[PDB]
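Down below is the structure, laid out as structure tokens.
Note: ideal-geometry Cβ built from the backbone for every residue, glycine included; neighbour counts use all protein chains shown. Just so you know, all these numbers are worked out from the coordinates, no wet-lab data involved.
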């Protein structure tokens with residue numbers, strides 16, 4: 001059970017009302033380099049529904065927590081409370097690791 005060796009420092013943060021994800025990534029050289037990339041251009045909130053597309057949903061969301069590995073499943077889910085168009089806020093979750101992948105300490109959006 002090893003999705004990709006192991007994920008360390010793989011957490012997101014709120015920077016300038018924008019989502020920012022940083023983590024140690026390994027390049028083909030076999031070296032581990034800590035990279036940081038804003039998820040604000042990858043994830044998004046649509047009227048309270050979690051829809052990753054490219055929005056600074058981080059400002060319209062709370063409880064900004066990312067877990068790229070869930071127990072033995074190593075399920076990468078992004079948790080965030082979004083506020084629905086009615087004004088109701090609820091926590092949502094989406095597979096962020098499946099959105100962007102590691103390309104030698106860099107990120108690439110598959111969606």
Mean separation of Cα contacts under 8 Å (at least 6 apart) over the residue count of the stretch 1-104, i.e. the relative contact order in percent, is 21 percent
Distribution output for the stretch 1-64: share of Cα-Cα pairs per 10 Å bin in percent, first bin at 0, values 22, 41, 27, 10, 0
Across all Cα atoms of the chain, Rg and the largest Cα-Cα distance (Dmax), in Å, are 14.1, 50
Length gained if residue 28 through residue 103 is fully extended, taking 0.36 nm per residue and subtracting the Cα-Cα distance, is 26.1 nm
In nm², the average projected area of the convex hull spanned by the Cα atoms of the stretch 48-91 is 3.3 nm²
If the label point sits 7 Å along Cα→Cβ of residue 6, residues of the stretch 61-104 with amide N under 19 Å come out as 67-76
